[PDB]
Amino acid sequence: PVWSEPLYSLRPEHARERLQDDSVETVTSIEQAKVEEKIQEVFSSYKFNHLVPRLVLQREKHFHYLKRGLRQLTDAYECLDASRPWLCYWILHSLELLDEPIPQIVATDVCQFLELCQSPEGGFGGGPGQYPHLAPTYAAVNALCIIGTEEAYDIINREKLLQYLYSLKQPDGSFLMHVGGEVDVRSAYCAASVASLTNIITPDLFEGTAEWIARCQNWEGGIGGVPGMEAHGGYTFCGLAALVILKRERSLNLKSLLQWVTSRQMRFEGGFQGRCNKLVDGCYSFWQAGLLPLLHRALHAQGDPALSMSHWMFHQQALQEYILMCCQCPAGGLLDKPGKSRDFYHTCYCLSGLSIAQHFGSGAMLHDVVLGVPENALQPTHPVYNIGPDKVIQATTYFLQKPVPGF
């Protein structure tokens, strides 16, 4: 029947996926068990014996939450006063994924605001008058690209942006997050992202970077913030995406990376954790699951004859079940896990992750798996930049028509 759709998480054998603590309790198993207990309750609320209604992505509720946040925010967001370009990006990309048009007035206002955030030394800061920082710079550039108008594109001072990147480049190949700031893999990704999109990459800008990133891959197979540190989905996404932009994916052990990320999907919850033995979280639907399309592309380039031609190498259905059933806030917006507060960051990445889980693409091969009502289908997102693929092509085409600042 079209009005009933069996779910992976609701199968009777699924109960076997519950944690086995071997009768040895530690803070880790206790916390994991608590999450699982809550998730099981949620899963059960969507099942009525043999009747299993199609899951629904609450588009309109999410839309109103996003539309409102794009203009104003409560003082609850004072903690993000140095990350306003991020709020712009998270909200615009969420609307984009939801295929919600952006009013011309709103678009121009966003452009004007991001212009005010741009530093005379290059790059963007967390707000007007703040020093530039690679994180908000990455966010601002993506936001301007989502808008995709010549007005948005031209706001970027490319000459100063390139000089700014140079001012953060370290001799070992790494980048500072900002002047006098800390260094970790996030900087390499932020720099490669904005530089490739705006066509300002010089032959020496990323010299040594690929090697520095490879040094960040550890014994686990994943990538840490800096050499020697624990593998984390966030830093692993940053590292691999940056290497893909640089066309240096081969610098990593792709085998140990693949096995590591696939292990990060939780057998019971269906979502992904950020690191081994920690908890499931909706935002990792992108940071972790997003690594599979990147790995697929990397292996494909190498002529891997065993690659799938229809699915990513993770449980696409399970991830959609976790997101749709456990990460939606009744009032609009998405989240980390049941019981947590909604925020634009989780709204952005839960949706980004849902889109990746719904769409497979490799060569001329396209295969969609949209769980629930057909309207759940989201617009596709580019695995490297996390903005629409159409937006990537349009932006790169536009900037490729401009010269690299001073060659």
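All residue numbers refer to positions in the sequence shown, first residue = 1.
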TODO: Using only the Cα atoms and their B-factors as the entry lists them, report which of 159-167 and 70-78 averages higher.
DONE: 70-78
- [ ] State which stretch shows the higher mean Cα B factor in the entry: 109-117 or 316-324.
- [x] 109-117
TODO: Please work out which residue in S193, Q288, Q259, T202 has the highest C-alpha B-factor recorded for this crystal structure.
DONE: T202
Task: Residue selected from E269, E220, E100, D281 by maximal Cα B factor - done: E100
Open item on the list: Where does the C-alpha B-factor of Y153 rank in its chain, lowest, middle or highest third?
Closed with: highest
Task: Third of the chain, ranked by Cα B-factor, where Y46 sits - done: middle
- [ ] Name the third of the chain's ranked CA B-factors that contains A298, choosing lowest, middle or highest.
- [x] highest
Task: Assigned third (lowest, middle, highest) for the C-alpha B factor of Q104 - done: highest
Task: Position of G361 among the chain's modelled residues by C-alpha B-factor, lowest, middle or highest third - done: highest
